Amino acid sequence: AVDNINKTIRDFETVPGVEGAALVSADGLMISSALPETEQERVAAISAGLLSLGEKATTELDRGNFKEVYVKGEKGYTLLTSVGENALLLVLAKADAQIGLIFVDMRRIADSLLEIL
Amino acid sequence: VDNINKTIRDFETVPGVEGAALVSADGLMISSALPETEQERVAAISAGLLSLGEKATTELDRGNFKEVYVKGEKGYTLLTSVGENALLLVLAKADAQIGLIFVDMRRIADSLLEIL
């Protein structure tokens, strides 16, 4: 269960444009990452912050149970998909990444990690 | 002011578009066709989506805020910057084509910026 989760998350970083991928709990704690060892505690805290305010969007405007959220800035994308209850998958990319298809890969791998986790 | 209004009734025609609104960055509604009871509330909710969208785009070094996407199982909330001091919110159905509606918003967001 643990060998197969680590390798699945790092393989995202073999797509053109993808910098990092972290599997984080809903409550802000790091499960499995390949990001720099320094930033791993502060990125897991921000991830859970983005999950909670995506929840607000969907509840408050009558849109159904939360699925996905992405933010585009000047320099790059932040991309987040729910892993059933209690977990979530983060991808960072730059402006030249092919966002619609990463969400299709993210959706399939979420349900894969959901069985073995 | 007549050329800002019906310009927001026209997105509804496109398939998958439940509702549009022009809102201020402080949370006061400018132009919308939504139920005239909800409009004050919906102006408040789009307020936070921008700020809490500016907080990921300032904490993870992604540059200036441009756009925010959320998706729920019964549909989508989309928001784009209408320059400084306003924003365009679009409620869509969970079977609409997002990549095009963004192409239609980001142009209109710079065709309302010069007359507003």
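Residues numbered from 1 in each chain as written, not as in the entry; some residues may be left out. Chains lettered and ligands numbered in written order. Heavy atoms only, no water.

Structure determination for the deposited model, as stated in its record, used X-ray crystallography, and the stated resolution is 2.14 Å.

Let us look at the pairing of strand 5 (residues 87–94) of chain A. Residues in a regular strand project their side chains so that they alternate between the two faces of the sheet. Residues and elements named next belong to chain A. Along strand 5, 7 of the 8 residues are buried, which leaves the element largely enclosed by surrounding structure. Both strand 1 (residues 18–25) and strand 5 contribute to a ladder of 6 bridges, which runs antiparallel. Bridge pairing in strand 5 places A22 opposite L90. The sheet contact formed by strand 4 (residues 76–82) and strand 5 spans 7 bridges and is antiparallel. If you follow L79 over to strand 5, its bridge partner there is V91. (Buried < 20%, exposed > 50% of the residue type's maximum accessible area, 1.4 Å probe, protein only. Helix = DSSP H or I, 4+ residues; strand = E, 2+ residues; numbered from the N terminus. Pairing = 2+ DSSP bridges.)

A contiguous nonpolar surface patch, about 240 Å² in accessible area, is contributed by A:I31, A:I116 and A:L117. Take A:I116: it is sitting in the segment after helix 3 (99–115). (Patch = residues over 30% accessible without salt bridge, like charges linked within 9 Å, V, L, I, M, F, W, Y side chains within 5 Å. Areas by Shrake-Rupley, 256 points an atom, 1.4 Å probe, with all protein chains shown as cover. Salt bridge = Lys/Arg side-chain N within 4 Å of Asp/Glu carboxyl O.)

All names here are of chain B. Here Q39 is to be found in helix 2 (residues 39–54). Residue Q39 is classed as buried on the basis of its relative accessible area, which comes to 12%. A polar atom in the side chain of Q39 sits 2.7 Å from the backbone oxygen of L34. For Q39, the residues in contact, after removing those within four places along its chain, are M29, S32, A33 and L34. (Polar contact = N/O pair within 3.5 Å; in protein donor to acceptor, adjacent residues only side chain to side chain. Contact = heavy atoms within 4.5 Å.)

This next bit is on the nonpolar core. With 44 residues, the main nonpolar core has A:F12, A:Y70, A:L79, A:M106, B:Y69, B:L78 and B:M105 as its most contacted residues. The residues touching A:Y70, leaving out its near neighbours within four places in the chain, are A:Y77, A:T78, A:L79, A:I99, A:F103, B:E67, B:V68, B:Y69 and B:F102. One finds A:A44, A:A57, B:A56 and B:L89 within the second-largest nonpolar core, a separate group that totals 34 residues. (Core = buried A, V, L, I, M, F, W, Y, C linked by side-chain atoms within 4.5 Å.)

This structure, assessed with the given rule, holds 7 salt bridges over all chains. The salt bridge partner of A:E13 is A:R10, with a shortest N-O separation of 2.7 Å. Overall, A:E13 belongs to the buried group, its relative accessible area being 14%. One salt bridge in this structure joins A:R63 and B:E18, with 2.4 Å as the shortest N-O distance.

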